[PDB]
J.: 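Pasting a structure here, questions to come.
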There are 2 protein chains.
Amino acid sequence: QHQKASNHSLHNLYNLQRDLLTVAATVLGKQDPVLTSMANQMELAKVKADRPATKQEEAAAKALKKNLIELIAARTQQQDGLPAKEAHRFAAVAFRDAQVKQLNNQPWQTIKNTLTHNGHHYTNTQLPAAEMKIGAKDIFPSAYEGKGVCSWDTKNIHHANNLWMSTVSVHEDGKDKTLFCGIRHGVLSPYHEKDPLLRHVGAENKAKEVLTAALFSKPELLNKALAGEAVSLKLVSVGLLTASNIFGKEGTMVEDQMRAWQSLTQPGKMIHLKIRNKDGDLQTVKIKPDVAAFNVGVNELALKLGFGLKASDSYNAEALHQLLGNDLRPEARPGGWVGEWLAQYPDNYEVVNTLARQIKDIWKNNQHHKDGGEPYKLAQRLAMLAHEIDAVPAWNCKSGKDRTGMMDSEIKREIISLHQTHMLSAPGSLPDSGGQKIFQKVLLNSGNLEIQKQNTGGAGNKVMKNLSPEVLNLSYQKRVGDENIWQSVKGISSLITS
Amino acid sequence: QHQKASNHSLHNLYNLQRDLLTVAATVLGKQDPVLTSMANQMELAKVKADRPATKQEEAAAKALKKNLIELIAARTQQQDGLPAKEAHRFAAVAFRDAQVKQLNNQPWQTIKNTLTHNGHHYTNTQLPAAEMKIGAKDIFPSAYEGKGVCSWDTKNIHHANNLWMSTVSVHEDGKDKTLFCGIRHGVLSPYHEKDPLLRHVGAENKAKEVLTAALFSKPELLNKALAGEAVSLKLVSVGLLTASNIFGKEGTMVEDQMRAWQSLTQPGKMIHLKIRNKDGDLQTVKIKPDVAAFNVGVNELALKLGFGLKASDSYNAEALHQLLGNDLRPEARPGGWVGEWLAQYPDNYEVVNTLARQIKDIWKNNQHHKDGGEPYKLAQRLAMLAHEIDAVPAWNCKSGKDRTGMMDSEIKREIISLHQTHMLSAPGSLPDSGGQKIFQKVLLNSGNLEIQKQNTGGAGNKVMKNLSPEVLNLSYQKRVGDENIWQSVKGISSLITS
């Protein structure tokens, strides 16, 4: 039971069929002996020795979901005579609903991992939204009660989808110095809500929840706000959607998110938030928000053939003026939020100046429109700069686990590399040997794999594709200088067509 | 033997397998009894009654070519021990070479069709390059001898690929008044030649051949040139390639064609052509060419998601200045070649003015970047205008049968519609009921289907696709207001993966 496969180890599938069978049993009622039939064969395979993933095993696992849908449709027709099209449509909707319910009810817990390199110890922590608590209850108004929201729950109007707080720290002098802390979430718009009014309202509630989490990241601000004083908060939001409606309605997703941020940062408008204090009682606090909203796009659809570049740049221009001022020449002096931070003369000036210069360079040559060996060149630096000047960085994807996970790994790699008193790497450059070793360790020892499994049932990443015309690939083979590690990051991700 | 299928009639396939089997027999040597095995079953199916195209018949025909390649590889390995990869590569090259040879050696003959509408009789004629003759031999230097060049012969450096002269005329007063005459060919560059020097030379020879055909379209000019006098010739060339290298190397194809035209129209450079006179003797004539070269792109790759629009417009700007002058405002007066034609005060002024105005309108609003219901809006008008002002229109595709055939049909429909003393339709407008009837008759009664069969072995058109995301379709369902006719134009075209 231990001869692990080169790809798709038997135990990973072993878990996958059980989850799908449980959903089917829930919808039916744990009475069909047919379900017990392959369940018994599954229990037989439980004690079987681990094997390389034969094509039969992969095909059986891949087609299991479709077979279950067909079985449900047959049961539906027998119980109630319906046409095949109507039964199939109804069965698919019911099956998806049951899966979201089950995935939502499982416990959500913090994830901790340890990484060692060059005699240094780093810790990565992923704190789920259900664990952000002062006292004994989560701070959010609509309580989580130890449960969460999955990326597939696209009709929820009360909660942000996949909300985590990501932290990396290094152990020194018997203490833990925090090196980076950020907020990762899903997109801020409910997808399949039809009423535009409910769509806008749902986006508002989700955005407020992200703001609540960001406030929790700064305990001193949280204490001041709980003391009854209005608090100013600065947030930098980075979206990773391609912003074109041609293939998957990611365009309207973007305007929904941007509209939500605008409605919360209306000038002179003070925002009221509800927070569970240490006594478990809802309490109202007053926030003066300030959000710089970005969207970049890191897909092949945006980098190879190029979609929504013009649409996104209209948003990015405003955000840069908000962040760096009205003069974006690379040799000028920084303004905006960066200028205000530097006016205090902090001992941080070296890193801040370098990051601002590099960002202006990328913007000037439009280097973010291509992937000169590394596609997250602009997003990664925006997040790092935001943390330096004491803002709160937040980034999101469509579902908050694939592209979000990749950007999480990129940021952690750069922070760790910089912590060794180094400088920053140049834009659009492949990592060297030491950087590659850092990146390989990060990709496996970060909490992304557990987030993947928690949110889906299998570990993997959809960013790793290997398309058929070789000019359409994003070049992670070079950034991750290892075939086996690259195949390990992309786990069961190809078997989750859903 | 007559119960025709709704799609893929049995007789069409019936011909297809025989052609493929003949090629395989040629490479092997008509000795393998295995070939005789399914040949005998094929002869058994010869007398069988016609049937609807069952999925088994379509699948067997579709996979026959792959099976034949595998059989050749097996024979190769048995005769000479080679690895599977080497044998497979060699077998594919040999099979393609044999097919091109056989398709080249078949006779090429003129195609004539008759169309009737509203008490009028029209005739469509397709004259192949091997039939353009004065005396008893084709005018081209490297004689065709009644044979031709196929679209798959991509390494030929002596001949233009798929050269035809297309004519539509109406019968009146016991006479035949010519309404339109043009030249359709394949692309002017040899694809797979590796030496850049031979690539440029081959493009030169092909372009000279197109010029020779164009001269033959004007008997008075041909007679003057044969009398020893230098002759001025005006030609308008329209390319229909998308001009991007992302998917299929159609970009480099375009620069090769444009470079060839430039080398023939070098200022002050007089061109010498060889022509077989009425006595079968090569004779040299002197031409003063003048070519306006265009490229538009009419694919989904260019119209829906948009490729090479910027690349092509750099060429189109120069060509328009050559054709209409330096002022392209829609209300200005025409200049360039159009201005010179109008300065003679012809009785043709009404049509010419309308066409020039519409072209400027399309150019101003960039309407050719989308398909507002009809994608050939700019190409079709360029060809019609060229014929009006006594130039020679010529258009080409990658292979010269699919997109070329569709543009052929579009032009014929508009000419016939206009001949009834009407006006021209507005840009980007669907045809009305009468126009739809005209278009339906043209698409079937033009010679395109026979060109398809001659050049490939099966009738069809690759422009008719019906892609899976509905926003990626070119909207011919509306232009051709008939499902059955649309399915008839797209014949065996989907079974010619080659």
Side-chain angles (χ1 to χ4, degrees), chain A residues 1-28 30 32-61 63-72 91-92 95-109 111 113 148 150-152 162 399 401-402 405-406 443-466 482-498:
Chain A
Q1 303 197 38
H2 317 295
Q3 181 42 242
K4 310 306 182 72
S6 72
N7 46 355
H8 326 290
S9 159
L10 187 72
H11 286 251
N12 290 318
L13 283 72
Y14 171 99
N15 296 115
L16 193 56
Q17 292 86 19
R18 273 176 180 75
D19 292 335
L20 294 174
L21 287 184
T22 298
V23 172
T26 287
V27 72
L28 193 144
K30 292 182 178 180
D32 188 11
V34 177
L35 279 178
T36 316
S37 311
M38 73 291 291
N40 294 145
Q41 297 168 349
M42 188 66 204
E43 297 298 325
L44 163 68
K46 165 194 183 104
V47 301
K48 293 312 288 200
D50 197 329
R51 299 166 190 171
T54 70
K55 60 180 137 188
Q56 305 90 313
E57 295 150 359
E58 298 178 49
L64 183 63
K65 165 160 171 148
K66 184 65 69 178
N67 304 329
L68 278 188
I69 290 172
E70 300 152 348
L71 168 62
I72 289 173
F95 175 75
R96 183 178 182 270
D97 206 332
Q99 190 175 17
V100 172
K101 278 282 306 306
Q102 161 169 351
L103 270 183
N104 269 341
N105 270 41
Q106 63 184 352
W108 293 56
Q109 292 154 353
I111 291 153
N113 297 96
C150 313
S151 65
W152 289 341
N162 199 6
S399 68
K401 47 182 201 67
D402 296 330
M406 179 49 63
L443 278 159
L444 291 181
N445 278 310
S446 183
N448 283 298
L449 261 62
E450 296 83 356
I451 287 181
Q452 297 294 321
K453 173 162 197 34
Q454 167 88 354
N455 203 11
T456 295
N461 206 324
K462 286 195 181 146
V463 182
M464 296 296 172
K465 297 199 186 268
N466 184 67
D482 192 348
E483 182 65 26
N484 290 318
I485 285 184
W486 187 97
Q487 204 65 30
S488 182
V489 160
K490 170 188 169 289
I492 302 299
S493 166
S494 66
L495 283 72
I496 312 298
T497 300
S498 290

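Labels below follow one simple rule: chain letters A, B, ... track the order of the sequence lines, proteins then strands, and each chain is numbered from 1.
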J.: Roughly how far apart are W152(A) CH2 and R96(A) CZ, rounded to 0.5 Å?
T.: 8.5 Å
J.: I'd like to know if the side chain of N104(A) reaches the main chain of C150(A), judged simply by a donor and an acceptor atom lying under 3.5 Å from each other, with no hydrogens or angles considered.
T.: yes
J.: Restricting to non-hydrogen atoms, name the atom on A5(A) and the atom on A53(A) that form the minimum distance, rounded to 0.1 Å.
T.: CB-N, 3.3 Å
J.: Begin with the C-alpha distance, continue with both residues' side-chain angles, and end with the deciding distance and a verdict on side-chain contact (heavy atoms from CB on, under 4.5 Å) for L28(A) and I72(A).
T.: CA-CA 8 Å; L28(A) 193 144; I72(A) 289 173; over 6 Å; no
J.: Measure the spacing between CG of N484(A) and CD of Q487(A) and express it to the nearest 0.5 Å.
T.: 8.5 Å
J.: So, for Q99(A) and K65(A), which heavy atoms are closest and what is the spacing to 0.1 Å?
T.: OE1-NZ, 4.0 Å
J.: Under the side-chain contact (heavy atoms from CB on, under 4.5 Å) criterion, do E450(A) and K453(A) qualify, and how do the steps go?
T.: CA-CA 5 Å; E450(A) 296 83 356; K453(A) 173 162 197 34; 5.7 Å; no
J.: Please name the pair of heavy atoms, one in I111(A) and one in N113(A), separated by the smallest distance, quoted to 0.1 Å.
T.: CG2-OD1, 3.4 Å
J.: Within the 4.5 Å heavy-atom criterion, are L64(A) and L16(A) side-chain neighbours or not?
T.: no
J.: If you compare all heavy atoms of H8(A) against all heavy atoms of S494(A), which two are closest, and at what distance to 0.1 Å?
T.: CE1-OG, 4.3 Å
J.: In Å, rounded to the nearest 0.5 Å, how long is the span from CD1 of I451(A) to CG of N461(A)?
T.: 11.0 Å
J.: As an exercise, state the distance from OG1 of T26(A) to CG of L21(A), rounded to the nearest 0.5 Å.
T.: 11.0 Å
J.: Test your reading of the model: is there a side-chain donor-acceptor pair from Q3(A) to the backbone of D50(A), 3.5 Å cut-off?
T.: no
J.: Considering non-hydrogen atoms only, spot the tightest contact between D19(A) and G457(A) and give its length.
T.: OD2-CA, 4.1 Å
J.: For the side chain of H11(A) and the backbone of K4(A), is there at least one donor-acceptor N/O pair under 3.5 Å apart?
T.: no
J.: What distance do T456(A) atom OG1 and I496(A) atom CD1 have between them, rounded to the nearest 0.5 Å?
T.: 6.5 Å
J.: I need the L71(A) CG to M38(A) CE distance, nearest 0.5 Å.
T.: 7.0 Å
J.: Considering all heavy atoms of both residues, which atom of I69(A) and which atom of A91(A) are nearest to each other, and what is their separation?
T.: O-CB, 4.3 Å
J.: Please check if the side chain of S37(A) supplies one atom and the backbone of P33(A) the other of a donor-acceptor pair under 3.5 Å.
T.: yes
J.: Taking atom types as modelled, is there a side-chain donor on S151(A) or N455(A) under 3.5 Å from an acceptor on the other?
T.: yes
J.: Are the side chain of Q17(A) and the backbone of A39(A) linked by a donor-acceptor contact shorter than 3.5 Å?
T.: no
J.: Does the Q452(A) side chain pair with the main chain of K401(A), one donor and one acceptor, at a distance under 3.5 Å?
T.: yes
J.: Could you walk me through whether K490(A) and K465(A) satisfy the side-chain contact (heavy atoms from CB on, under 4.5 Å) test, starting with their C-alpha distance in whole Å, then the side-chain angles of each, then the deciding distance to 0.1 Å, before giving a yes or no?
T.: CA-CA 8 Å; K490(A) 170 188 169 289; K465(A) 297 199 186 268; over 6 Å; no
J.: Out of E58(A), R51(A), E57(A), which residue meets the side chain to side chain donor-acceptor pair (under 3.5 Å) rule with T54(A)?
T.: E57(A)
J.: Run the numbers on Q454(A) and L103(A) for side-chain contact (heavy atoms from CB on, under 4.5 Å), then give the verdict.
T.: CA-CA 8 Å; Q454(A) 167 88 354; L103(A) 270 183; over 6 Å; no
